[PDB]
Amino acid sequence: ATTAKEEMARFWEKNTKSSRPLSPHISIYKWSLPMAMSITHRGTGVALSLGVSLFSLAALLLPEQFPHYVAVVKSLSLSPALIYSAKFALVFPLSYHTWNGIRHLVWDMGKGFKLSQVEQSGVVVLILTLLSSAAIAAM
């Protein structure tokens, strides 16, 4: 004759003090592209945020302003391959997260939930991310 709240609390009381094991999960579960793409949306999200906050902190704390550090880098006469690779590395997370962000905002409308459509929009995100990155790093 127990309520759901009492059943929940009894479950944690009983199990957290027991000798029972927690069954494995991350180490045993099989991968999918949607899953790997969900992790990557979190990782690029956090990476973009932390990079945006580093920029902001360098704005408050570096001794010189932005055009100096640009002139510094231009004077290094770096190779086009090294410029292109750096640009690509910089825009790729922004690109991934933006398109996959769009795919999320579609989901929030209730569209695209059939599993085969989850696979299609994933791959569509991958190719738009690759195309936009390569093109923007060539600008």
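Residue indices: 1-based, along the sequence shown.
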Going by the entry, of stretches 39-47 and 55-63 the one with greater average Cα B-factor is 55-63
Higher-scoring stretch by recorded Cα B factor average, 117-125 or 12-20
12-20
Lowest, middle or highest third - CA B-factor, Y96
lowest
Would the CA B-factor of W31 place it in the lowest, middle or highest third of its chain?
middle
Could you tell me which third, lowest, middle or highest, the C-alpha B-factor of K111 occupies within its chain?
middle
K87: CA temperature factor from the record, placed by chain third, in the middle
